[PDB]
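Each remark here refers to the structure printed beneath this line.
What's counted below: heavy atoms across the whole structure, side chains too, no hydrogens, waters or symmetry copies. Note that ligands are numbered from 1 as they come in the structure, with each ligand's atoms numbered from 1 the same way. Note on naming: letters A, B, ... go to the chains in the order of the sequence lines (proteins, then strands), and numbering restarts at 1 for each one.
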There are 2 protein chains.
Amino acid sequence: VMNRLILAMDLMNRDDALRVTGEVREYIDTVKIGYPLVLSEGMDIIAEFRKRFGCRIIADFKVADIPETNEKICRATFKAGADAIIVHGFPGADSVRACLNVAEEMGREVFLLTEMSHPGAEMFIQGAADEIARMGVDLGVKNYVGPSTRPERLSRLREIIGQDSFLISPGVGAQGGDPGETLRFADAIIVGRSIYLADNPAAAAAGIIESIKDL
Amino acid sequence: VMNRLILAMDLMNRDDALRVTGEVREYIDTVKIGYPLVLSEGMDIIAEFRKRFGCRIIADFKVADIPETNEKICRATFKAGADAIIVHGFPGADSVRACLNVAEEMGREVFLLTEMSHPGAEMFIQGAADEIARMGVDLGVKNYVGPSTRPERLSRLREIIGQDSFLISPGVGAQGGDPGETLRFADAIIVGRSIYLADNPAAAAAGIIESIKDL
Ligand SMILES: CCOC(=O)c1cc(=O)[nH]c(=O)n1[C@@H]1O[C@H](COP(=O)(O)O)[C@@H](O)[C@H]1O
Ligand SMILES: CCOC(=O)c1cc(=O)[nH]c(=O)n1[C@@H]1O[C@H](COP(=O)(O)O)[C@@H](O)[C@H]1O
């Protein structure tokens, strides 16, 4: 991804979301869009962003249902133009396989969320996360998400998935993660509030990129 | 809920969804709407259903993000008119608390999903599910979801949450669960495909209700 930086666009107003994304477009090639924006403005926002900005769109929908419903969610998401979807691994292998099947059908990608970045992730997810990652490997998953807030976990995840797999990482900035440390293990970082709540989002993105180039 | 039966409306077309829901409305007072329908037709479908049918709407969004994003998802969902939202417990207590805070702010309800109904739930969720339920109790959660496909698990969940908590249960019909057995432990059953894919959905719903009355 351009500059190894993915914008997490979680503003809930189309005008604000379009303004900020346009301001930082010179510094990214990929926007993560999630439910805060889609549930506020509609699924048509994905194709609008894709067109206006010529970016790739990752739909961060944290898909976490039974296989049959997962199929439906993935199909709707790819029909709306998303390039990839983020899927939880905690519901197990059949749930993940259902997403992979739709992605194969529609020429798209699945990212497997293995261990989350917030404090509550320690309660249940962390203890399963190595297994969730190994499940991903055994299903043929090539794209993963793991936590900037715990780079030792992010190192262990990289160890399981190998060097060829693509790994993106949220929790940089607001949640306490560091760009440079996270990029020791992840291929790209996801950044939301540190950019989209900044007085000058372009300057915030530029500042991050400057520190990335320095790596 | 009327007749202890909740319709899982996962058709992806507004016309089909409206037709089936209207056909079975005499037999339910509550419709579960999830992402298959919302991502296909928009969040406005919730208020449309609420108005047309005068039902309660449970938004089955399986909320499973970090606390700050969970807040945003819940706020958007309640603004759209949903009476309650289904939340995953696997992301831990802060993620669940964020949903409870918004529900308290907006006079709504959270349902905690504790153990899922599909085969993959055995891999990671089942081993954490008793703890997830006890976490719910300790957070003050009063509404829960657990699996029709495993009534011995559904008995254990009821045991943890007590008799005053409200427990609803999917997996009846298509996934192999039985109405009567499930209602030994759950207060209401969720039924999707056995009704909405039936040649005569009203007759399917009526058949289920007849077996429920017999209990
Ligand atoms: C299931 C959500 O998927 C994610 O991308 C995600 C996983 C995770 O463990 N942590 C995490 O923060 N995210 C998402 O990544 C974004 C982080 O934004 P921010 O903290 O504002 O920089 C936000 O959209 C959040 O929902
Ligand atoms: C996270 C989804 O929340 C649920 O209600 C759910 C949890 C679960 O463990 N199992 C389960 O089947 N469900 C949902 O309940 C519905 C079951 O529909 P059906 O199998 O067609 O009768 C469907 O919407 C499914 O997504």
Side-chain angles (χ1 to χ4, degrees), chain A residues 6-11 32-37 58-70 72-73 85-88 90-91 95 111 113-118 120-121 125 129 145-150 168-177 189-197, chain B residues 6-11 32-37 58-70 72-73 85-88 90-91 95 111 113-118 120-121 125 129 145-150 168-177 189-197:
Chain A
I6 297 166
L7 174 69
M9 176 40 59
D10 297 314
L11 296 169
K32 187 174 79 61
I33 293 186
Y35 286 133
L37 183 54
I58 299 176
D60 184 11
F61 292 177
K62 286 149 287 150
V63 179
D65 215 315
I66 67 175
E68 292 88 340
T69 299
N70 277 9
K72 298 177 171 76
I73 291 170
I85 193 168
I86 296 171
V87 178
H88 263 297
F90 210 85
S95 291
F111 279 72
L113 172 59
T114 60
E115 174 167 328
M116 289 180 74
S117 64
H118 64 297
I125 287 167
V145 187
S148 170
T149 48
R150 302 191 191 89
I168 67 179
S169 182
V172 174
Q175 295 180 57
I189 51 172
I190 293 161
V191 179
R193 282 167 289 173
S194 288
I195 294 172
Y196 73 67
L197 297 180
Chain B
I6 297 166
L7 174 69
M9 176 40 59
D10 297 314
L11 296 169
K32 187 174 79 61
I33 293 186
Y35 286 133
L37 183 54
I58 299 176
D60 184 11
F61 292 177
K62 286 149 287 150
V63 179
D65 215 315
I66 67 175
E68 292 88 340
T69 299
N70 277 9
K72 298 177 171 76
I73 291 170
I85 193 168
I86 296 171
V87 178
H88 263 297
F90 210 85
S95 291
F111 279 72
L113 172 59
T114 60
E115 174 167 328
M116 289 180 74
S117 64
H118 64 297
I125 287 167
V145 187
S148 170
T149 48
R150 302 191 191 89
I168 67 179
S169 182
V172 174
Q175 295 180 57
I189 51 172
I190 293 161
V191 179
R193 282 167 289 173
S194 288
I195 294 172
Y196 73 67
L197 297 180

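- For A:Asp60 (side chain) and A:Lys32 (main-chain N/O), no donor-acceptor pair under 3.5 Å exists by modelled atom type.
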For ligand 2, output the ligand-protein N/O contacts shorter than 3.5 angstrom; if there are none, return none.
from, atom 1, to, atom 2, distance (Å)
ligand 2, 3 (O), B:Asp60, OD1, 2.7
ligand 2, 3 (O), B:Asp60, OD2, 2.7
ligand 2, 5 (O), B:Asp60, OD2, 2.8
ligand 2, 9 (O), B:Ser117, N, 2.9
ligand 2, 10 (N), B:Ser117, OG, 2.8
ligand 2, 12 (O), B:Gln175, NE2, 2.9
ligand 2, 20 (O), B:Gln175, NE2, 2.9
ligand 2, 20 (O), B:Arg193, NH2, 2.8
ligand 2, 21 (O), B:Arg193, N, 2.8
ligand 2, 21 (O), B:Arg193, NE, 2.8
ligand 2, 22 (O), B:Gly192, N, 2.8
ligand 2, 24 (O), B:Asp10, OD2, 2.6
ligand 2, 24 (O), B:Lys32, NZ, 2.8
ligand 2, 26 (O), A:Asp65, OD1, 2.8
ligand 2, 26 (O), A:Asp65, OD2, 3.2
ligand 2, 26 (O), A:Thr69, OG1, 2.9

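- Contact annotation: the side chain of A:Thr69 never approaches that of B:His118 to less than 4.5 Å [non-hydrogen atoms, C-beta and beyond].
- Listed by chain and residue number, A:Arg193, B:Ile66, B:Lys72 satisfy the side chain to side chain contact (heavy atoms under 4.5 Å, CB included) test with B:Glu68 (two or more places apart in sequence, or in another chain).
- Judged by distance alone, with hydrogens and angles left aside, the side-chain atoms of A:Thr149 form no donor-acceptor pair with the main-chain N or O of A:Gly177 at under 3.5 Å.
- Applying the side chain to side chain contact (heavy atoms under 4.5 Å, CB included) criterion to B:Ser148, with sequence neighbours excluded, gives B:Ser169, B:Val172, B:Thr182.
- When the ring-ring contact (aromatic ring centres under 6.0 Å, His included) test is applied to A:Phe61, the partners found at least two apart in sequence or on another chain are A:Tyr35.
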